[PDB]
$ cat upload-v2.txt   # compact mmCIF, C-alpha atoms
# COMPACT_ATOMS: atom_id res chain seq x y z
CA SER A 6 99.98 246.62 35.36
CA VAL A 7 101.71 243.28 34.75
CA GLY A 8 105.48 243.74 34.88
CA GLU A 9 105.38 246.70 37.25
CA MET A 10 105.75 247.82 40.88
CA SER A 11 105.69 251.27 42.48
CA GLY A 12 104.18 252.57 39.24
CA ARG A 13 107.46 251.79 37.54
CA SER A 14 108.39 249.33 34.82
CA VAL A 15 110.58 246.47 35.97
CA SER A 16 113.31 244.69 34.05
CA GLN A 17 116.23 242.36 34.69
CA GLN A 18 119.70 243.85 34.39
CA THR A 19 123.08 242.12 34.28
CA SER A 20 124.97 243.02 37.47
CA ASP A 21 128.25 244.87 36.97
CA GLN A 22 131.63 244.27 38.61
CA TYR A 23 131.07 246.75 41.44
CA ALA A 24 127.69 245.26 42.40
CA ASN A 25 129.07 241.71 42.33
CA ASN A 26 131.96 242.73 44.56
CA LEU A 27 129.92 244.74 47.04
CA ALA A 28 127.46 241.82 47.29
CA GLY A 29 130.14 239.55 48.71
CA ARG A 30 131.51 242.11 51.17
CA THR A 31 132.99 240.60 54.34
CA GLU A 32 134.63 242.19 57.39
CA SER A 33 137.28 240.49 59.55
CA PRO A 34 135.89 239.56 62.99
CA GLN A 35 137.00 241.15 66.24
CA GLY A 36 138.33 239.22 69.24
CA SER A 37 136.21 238.59 72.37
CA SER A 38 135.79 241.25 75.03
CA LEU A 39 132.54 240.70 76.96
CA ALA A 40 134.05 238.21 79.42
CA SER A 41 136.82 240.67 80.32
CA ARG A 42 134.55 243.51 81.42
CA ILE A 43 132.58 244.72 84.42
CA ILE A 44 129.04 243.56 83.73
CA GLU A 45 126.15 244.51 86.01
CA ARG A 46 122.38 244.22 85.89
CA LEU A 47 121.06 247.78 85.52
CA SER A 48 119.77 249.15 88.82
CA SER A 49 118.11 252.18 87.17
CA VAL A 50 117.25 253.71 83.78
CA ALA A 51 118.54 257.06 82.46
CA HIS A 52 116.14 259.93 81.75
CA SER A 53 116.57 260.08 77.97
CA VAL A 54 116.04 256.31 77.92
CA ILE A 55 112.67 256.23 79.69
CA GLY A 56 111.11 258.58 77.16
CA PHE A 57 112.64 256.72 74.24
CA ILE A 58 111.49 253.42 75.74
CA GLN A 59 107.92 254.42 76.56
CA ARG A 60 107.80 256.31 73.26
CA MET A 61 108.41 253.33 70.97
CA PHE A 62 107.61 250.60 73.51
CA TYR B 3 112.72 230.25 73.24
CA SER B 4 110.44 232.84 74.77
CA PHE B 5 111.82 236.27 75.67
CA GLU B 6 111.93 235.23 79.33
CA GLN B 7 113.97 232.07 78.73
CA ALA B 8 116.45 233.83 76.47
CA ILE B 9 117.05 236.59 79.01
CA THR B 10 117.36 234.14 81.91
CA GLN B 11 119.97 232.09 80.05
CA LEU B 12 121.85 235.28 79.10
CA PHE B 13 121.99 236.50 82.69
CA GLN B 14 123.26 233.11 83.81
CA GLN B 15 126.05 233.22 81.21
CA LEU B 16 126.88 236.72 82.45
CA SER B 17 126.84 235.59 86.10
CA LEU B 18 124.01 238.01 86.85
CA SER B 19 121.41 237.57 89.57
CA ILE B 20 118.17 236.51 87.96
CA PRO B 21 115.34 239.05 88.47
CA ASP B 22 112.32 237.82 90.40
CA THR B 23 110.31 239.26 87.51
CA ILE B 24 111.64 239.60 83.96
CA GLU B 25 110.33 242.94 82.67
CA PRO B 26 109.56 243.49 78.92
CA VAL B 27 112.59 245.79 78.65
CA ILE B 28 115.78 244.54 80.27
CA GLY B 29 118.78 246.69 81.10
CA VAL B 30 122.37 245.45 81.33
CA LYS B 31 125.48 247.49 82.01
CA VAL B 32 128.67 246.49 80.22
CA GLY B 33 131.58 248.75 81.07
CA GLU B 34 130.42 252.29 80.36
CA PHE B 35 127.52 251.27 78.11
CA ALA B 36 124.01 250.75 79.43
CA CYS B 37 122.40 248.28 77.05
CA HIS B 38 118.73 247.48 76.65
CA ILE B 39 117.13 244.27 75.42
CA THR B 40 113.51 243.81 74.38
CA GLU B 41 111.19 241.96 71.97
CA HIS B 42 110.21 244.36 69.18
CA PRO B 43 108.50 243.60 66.94
CA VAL B 44 107.04 240.29 68.14
CA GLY B 45 109.42 237.45 67.36
CA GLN B 46 112.50 239.68 67.21
CA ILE B 47 115.13 240.30 69.89
CA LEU B 48 116.20 243.95 69.75
CA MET B 49 119.20 245.34 71.62
CA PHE B 50 120.20 248.99 71.72
CA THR B 51 122.32 251.59 73.49
CA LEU B 52 123.05 255.33 73.30
CA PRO B 53 126.70 255.79 72.27
CA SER B 54 128.79 258.96 72.23
CA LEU B 55 129.49 260.18 68.71
CA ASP B 56 132.47 262.23 67.53
CA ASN B 57 131.94 265.68 65.96
CA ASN B 58 134.93 265.23 63.67
CA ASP B 59 133.08 262.34 62.05
CA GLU B 60 131.25 263.51 58.95
CA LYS B 61 128.09 261.94 57.51
CA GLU B 62 130.11 259.61 55.25
CA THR B 63 132.23 258.37 58.15
CA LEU B 64 129.17 257.87 60.35
CA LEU B 65 127.27 256.06 57.58
CA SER B 66 130.25 253.80 56.88
CA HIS B 67 129.54 251.97 60.15
CA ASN B 68 126.22 250.70 58.73
CA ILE B 69 127.54 248.79 55.69
CA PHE B 70 126.48 245.12 55.71
CA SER B 71 128.94 242.25 56.29
CA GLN B 72 128.75 238.46 56.69
CA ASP B 73 127.74 238.93 60.35
CA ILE B 74 124.03 239.72 60.72
CA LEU B 75 124.60 240.81 64.31
CA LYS B 76 126.66 243.82 63.25
CA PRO B 77 124.95 246.85 64.84
CA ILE B 78 123.28 249.76 63.02
CA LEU B 79 124.05 253.39 63.89
CA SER B 80 120.99 255.63 63.93
CA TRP B 81 119.53 258.79 65.38
CA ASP B 82 116.38 259.41 67.41
CA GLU B 83 115.20 262.73 65.99
CA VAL B 84 112.48 263.25 68.61
CA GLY B 85 114.79 262.74 71.58
CA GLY B 86 117.86 264.18 69.90
CA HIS B 87 120.06 261.16 70.61
CA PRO B 88 122.03 258.69 68.52
CA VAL B 89 120.95 255.03 68.84
CA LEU B 90 123.11 251.96 68.13
CA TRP B 91 121.17 248.69 67.73
CA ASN B 92 121.11 245.12 66.42
CA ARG B 93 118.36 242.53 66.06
CA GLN B 94 117.76 238.83 65.34
CA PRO B 95 114.80 236.37 65.16
CA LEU B 96 113.68 234.78 68.42
CA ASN B 97 112.71 231.55 66.60
CA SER B 98 116.27 230.76 65.50
CA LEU B 99 118.11 231.48 68.73
CA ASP B 100 120.44 228.85 70.16
CA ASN B 101 122.15 228.89 73.56
CA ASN B 102 124.78 231.45 72.59
CA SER B 103 122.81 233.83 70.34
CA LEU B 104 121.89 236.62 72.79
CA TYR B 105 125.37 236.66 74.34
CA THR B 106 126.93 237.02 70.90
CA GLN B 107 124.46 239.76 70.00
CA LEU B 108 125.26 241.71 73.17
CA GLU B 109 128.99 241.33 72.58
CA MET B 110 128.62 242.64 69.01
CA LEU B 111 126.54 245.59 70.23
CA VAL B 112 129.06 246.72 72.84
CA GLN B 113 132.03 246.19 70.52
CA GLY B 114 130.15 248.39 68.10
CA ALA B 115 129.67 251.07 70.75
CA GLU B 116 133.34 251.03 71.76
CA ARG B 117 134.48 251.41 68.16
CA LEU B 118 132.53 254.67 67.93
CA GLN B 119 135.03 256.12 70.41
CA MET C 1 123.60 230.73 47.04
CA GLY C 2 121.99 227.47 45.90
CA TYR C 3 118.59 225.98 45.10
CA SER C 4 116.76 228.09 47.71
CA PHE C 5 118.05 231.31 46.16
CA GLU C 6 117.22 230.01 42.68
CA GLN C 7 113.65 229.20 43.69
CA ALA C 8 113.15 232.51 45.50
CA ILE C 9 114.38 234.49 42.50
CA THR C 10 112.24 232.39 40.12
CA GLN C 11 109.14 233.01 42.24
CA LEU C 12 109.90 236.75 42.36
CA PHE C 13 110.42 236.95 38.60
CA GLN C 14 107.08 235.20 38.06
CA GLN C 15 105.35 237.81 40.22
CA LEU C 16 107.11 240.52 38.17
CA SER C 17 106.28 239.04 34.76
CA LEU C 18 109.99 238.61 34.01
CA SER C 19 111.25 235.78 31.82
CA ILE C 20 113.13 233.16 33.81
CA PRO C 21 116.82 233.14 32.83
CA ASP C 22 118.37 229.82 31.82
CA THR C 23 121.08 230.65 34.35
CA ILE C 24 120.46 232.48 37.62
CA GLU C 25 123.58 234.46 38.54
CA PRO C 26 124.57 234.91 42.24
CA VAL C 27 123.84 238.64 42.20
CA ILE C 28 120.58 239.36 40.40
CA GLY C 29 120.01 242.79 38.92
CA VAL C 30 116.49 244.17 38.87
CA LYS C 31 115.81 247.70 37.63
CA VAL C 32 112.64 249.10 39.19
CA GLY C 33 111.89 252.42 37.55
CA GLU C 34 115.04 254.50 37.91
CA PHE C 35 116.47 252.32 40.68
CA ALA C 36 118.95 249.57 39.84
CA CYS C 37 118.54 247.03 42.65
CA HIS C 38 120.60 243.95 43.44
CA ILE C 39 119.55 240.71 45.12
CA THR C 40 121.87 238.05 46.49
CA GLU C 41 122.20 235.47 49.25
CA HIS C 42 124.72 236.89 51.74
CA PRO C 43 125.65 235.42 54.13
CA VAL C 44 124.21 231.91 53.55
CA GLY C 45 120.57 231.77 54.61
CA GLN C 46 119.95 235.50 54.17
CA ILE C 47 118.49 237.44 51.24
CA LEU C 48 120.25 240.79 50.89
CA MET C 49 119.02 243.54 48.60
CA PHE C 50 120.70 246.85 47.91
CA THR C 51 120.80 249.89 45.69
CA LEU C 52 122.89 253.06 45.40
CA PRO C 53 120.59 255.96 46.42
CA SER C 54 120.71 259.63 45.44
CA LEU C 55 121.32 261.68 48.58
CA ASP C 56 120.30 265.26 49.27
CA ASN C 57 123.31 267.42 50.12
CA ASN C 58 121.08 269.64 52.26
CA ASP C 59 120.60 266.72 54.67
CA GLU C 60 122.88 266.72 57.69
CA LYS C 61 124.23 263.74 59.65
CA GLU C 62 121.38 263.65 62.21
CA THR C 63 118.82 263.68 59.39
CA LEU C 64 120.48 260.86 57.48
CA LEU C 65 121.03 258.71 60.57
CA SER C 66 117.39 259.22 61.55
CA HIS C 67 116.32 257.07 58.61
CA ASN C 68 118.03 254.12 60.30
CA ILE C 69 116.04 254.03 63.55
CA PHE C 70 114.46 250.61 64.15
CA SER C 71 110.72 250.15 63.58
CA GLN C 72 108.12 247.36 63.63
CA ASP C 73 109.08 246.34 60.06
CA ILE C 74 112.30 244.33 59.83
CA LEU C 75 112.47 245.02 56.08
CA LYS C 76 112.92 248.76 56.65
CA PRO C 77 116.11 249.57 54.65
CA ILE C 78 119.35 250.83 56.24
CA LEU C 79 121.27 253.79 54.77
CA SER C 80 125.02 253.30 54.85
CA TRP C 81 128.24 254.21 53.04
CA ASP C 82 130.78 252.03 51.25
CA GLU C 83 134.18 253.68 51.87
CA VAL C 84 136.00 251.34 49.49
CA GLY C 85 133.90 252.23 46.45
CA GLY C 86 132.80 255.66 47.61
CA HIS C 87 129.04 255.20 47.21
CA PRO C 88 126.12 255.57 49.63
CA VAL C 89 124.38 252.17 49.98
CA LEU C 90 120.75 251.45 50.94
CA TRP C 91 120.03 247.84 51.89
CA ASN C 92 117.64 245.44 53.61
CA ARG C 93 117.87 241.78 54.60
CA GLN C 94 115.71 238.82 55.72
CA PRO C 95 116.04 235.07 56.42
CA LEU C 96 115.71 232.85 53.35
CA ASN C 97 113.85 230.18 55.35
CA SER C 98 111.50 232.89 56.64
CA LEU C 99 110.42 235.04 53.68
CA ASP C 100 107.86 237.81 54.20
CA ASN C 101 104.62 236.84 52.44
CA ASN C 102 106.55 233.80 51.23
CA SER C 103 108.27 235.99 48.64
CA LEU C 104 110.91 238.67 47.98
CA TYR C 105 108.38 241.03 46.42
CA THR C 106 107.74 242.98 49.63
CA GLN C 107 111.46 243.29 50.47
CA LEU C 108 112.21 244.79 47.05
CA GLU C 109 109.22 247.11 47.28
CA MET C 110 110.36 248.33 50.67
CA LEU C 111 113.86 248.99 49.27
CA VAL C 112 112.63 251.06 46.32
CA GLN C 113 110.25 253.00 48.59
CA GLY C 114 113.22 253.76 50.84
CA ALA C 115 115.15 255.01 47.79
CA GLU C 116 112.27 257.17 46.61
CA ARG C 117 112.10 258.84 50.01
CA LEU C 118 115.81 259.72 49.92
CA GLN C 119 115.57 261.08 46.36
CA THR C 120 113.25 263.73 47.75
CA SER C 121 114.95 267.06 48.39
CA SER C 122 112.54 268.59 50.92

$ encode --input "upload-v2.txt" --output "structure tokens"
Amino acid sequence: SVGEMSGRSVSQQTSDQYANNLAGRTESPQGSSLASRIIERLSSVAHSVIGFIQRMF
Amino acid sequence: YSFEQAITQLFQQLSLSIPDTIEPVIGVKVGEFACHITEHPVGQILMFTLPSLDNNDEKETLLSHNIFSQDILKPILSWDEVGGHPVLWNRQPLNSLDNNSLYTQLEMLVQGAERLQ
Amino acid sequence: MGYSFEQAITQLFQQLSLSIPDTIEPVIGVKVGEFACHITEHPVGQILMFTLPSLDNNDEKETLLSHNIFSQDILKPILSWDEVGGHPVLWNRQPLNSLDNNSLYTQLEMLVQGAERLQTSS
């Protein structure tokens, strides 16, 4: 019981080089683009969207 | 911020006419992508769109788009099994929004959609 | 990281009956059963957890992507791929100033449950 979760024994483990590197993963940002585009307030909703919407909303 | 105030501010930044009534699910059209904004679950602002995927892309290539970065607004590529459609989405807490949060989120979502082309 | 990360990890270790290290490294390794999981603060103010899952080759793209659909639980893990290291990566994330059940226990449990599901080979 104590020292366990998901019916499995838990223990601390020293993180390796790959884990330490993946943990700090960053991605260079992309320049702006929203301001330079045709933006409009949706006048209607697609068919596949209504179902999806009403299905999980 | 309440959902209604966030949306209203967003529309104003986008120079969009403010709806007489702000529905629970808002739809905005940016270029070719019809985006949808809503509060789900409670306290979270969810945005999503249905992109067009490339056949050539294998599972590894498609999954590569979902790796985490330093930007929590980076969108997640998924699939809606029931409807048979791919779904690209991002999400952030309503309680930590500032004036530019929803605009940034929408920008990140669309940029994510465009990349998938 | 910083004090907040240190405190969160310490609390988690207490709830897991793990001895508290004299030094808390930036990327904490916790092995839960057969799953080696990692916990770190990245970016600042966010607790990120991840593990390298075992994927079923009989699962196609649509099936794998389906696991990533949003739900009512923000701790639901995301399945992705790390091209640089060539490994599939399963991860979840939550605000450090807004921890579920004021702890990391539930986030870790949701990650391992996500891994267990993927291990399954229909």

$ interface_residues --input "upload-v2.txt" --of "chain A" --to "chain B" --cutoff "12 Å" --atoms "all atoms listed in the file" --output "ChimeraX atom specification"
/A:27-62

$ write_last_selection --input "upload-v2.txt" --atoms "C-alpha atoms" --output "short mmCIF file (atom, residue, chain, number, x, y, z; two decimals), keeping the file's coordinate frame"
data_model
loop_
_atom_site.label_atom_id
_atom_site.label_comp_id
_atom_site.auth_asym_id
_atom_site.auth_seq_id
_atom_site.Cartn_x
_atom_site.Cartn_y
_atom_site.Cartn_z
CA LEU A 27 129.92 244.74 47.04
CA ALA A 28 127.46 241.82 47.29
CA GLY A 29 130.14 239.55 48.71
CA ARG A 30 131.51 242.11 51.17
CA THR A 31 132.99 240.60 54.34
CA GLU A 32 134.63 242.19 57.39
CA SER A 33 137.28 240.49 59.55
CA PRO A 34 135.89 239.56 62.99
CA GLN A 35 137.00 241.15 66.24
CA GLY A 36 138.33 239.22 69.24
CA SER A 37 136.21 238.59 72.37
CA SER A 38 135.79 241.25 75.03
CA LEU A 39 132.54 240.70 76.96
CA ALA A 40 134.05 238.21 79.42
CA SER A 41 136.82 240.67 80.32
CA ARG A 42 134.55 243.51 81.42
CA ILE A 43 132.58 244.72 84.42
CA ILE A 44 129.04 243.56 83.73
CA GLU A 45 126.15 244.51 86.01
CA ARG A 46 122.38 244.22 85.89
CA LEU A 47 121.06 247.78 85.52
CA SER A 48 119.77 249.15 88.82
CA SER A 49 118.11 252.18 87.17
CA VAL A 50 117.25 253.71 83.78
CA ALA A 51 118.54 257.06 82.46
CA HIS A 52 116.14 259.93 81.75
CA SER A 53 116.57 260.08 77.97
CA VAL A 54 116.04 256.31 77.92
CA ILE A 55 112.67 256.23 79.69
CA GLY A 56 111.11 258.58 77.16
CA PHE A 57 112.64 256.72 74.24
CA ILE A 58 111.49 253.42 75.74
CA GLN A 59 107.92 254.42 76.56
CA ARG A 60 107.80 256.31 73.26
CA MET A 61 108.41 253.33 70.97
CA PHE A 62 107.61 250.60 73.51
#

$ closest_residue --input "upload-v2.txt" --among "C:21, C:2, C:88, C:29" --to "chain A" --atoms "all atoms listed in the file"
C:29

$ residues_around --input "upload-v2.txt" --residues "range 62-78 of chain C" --least-positions-apart "6" --cutoff "6 Å" --atoms "all atoms listed in the file" --output "list in words"
residues 43, 80, 81 and 82 of chain B; 90, 91, 92, 107 and 111 of chain C

$ interface_residues --input "upload-v2.txt" --of "chain C" --to "chain A" --cutoff "7 Å" --atoms "all atoms listed in the file" --output "PyMOL selection string"
chain C and resi 16-18+27-33+40+42

$ atom_distance --input "upload-v2.txt" --atom1 "CA of residue 78 in chain B" --atom2 "CA of residue 58 in chain B"
19.4 Å

$ closest_residue --input "upload-v2.txt" --among "B:107, B:4, B:11, B:57" --to "chain C" --atoms "only C-alpha atoms"
B:57

$ closest_residue --input "upload-v2.txt" --among "B:10, B:119, B:66, B:101" --to "chain C" --atoms "only C-alpha atoms"
B:66

$ atom_distance --input "upload-v2.txt" --atom1 "CA of residue 96 in chain C" --atom2 "CA of residue 43 in chain C"
10.3 Å

$ closest_residue --input "upload-v2.txt" --among "B:39, B:12, B:55, B:24" --to "residue 89 in chain B" --atoms "all atoms listed in the file"
B:55

$ closest_residue --input "upload-v2.txt" --among "C:20, C:37, C:9, C:49" --to "chain B" --atoms "only C-alpha atoms"
C:49
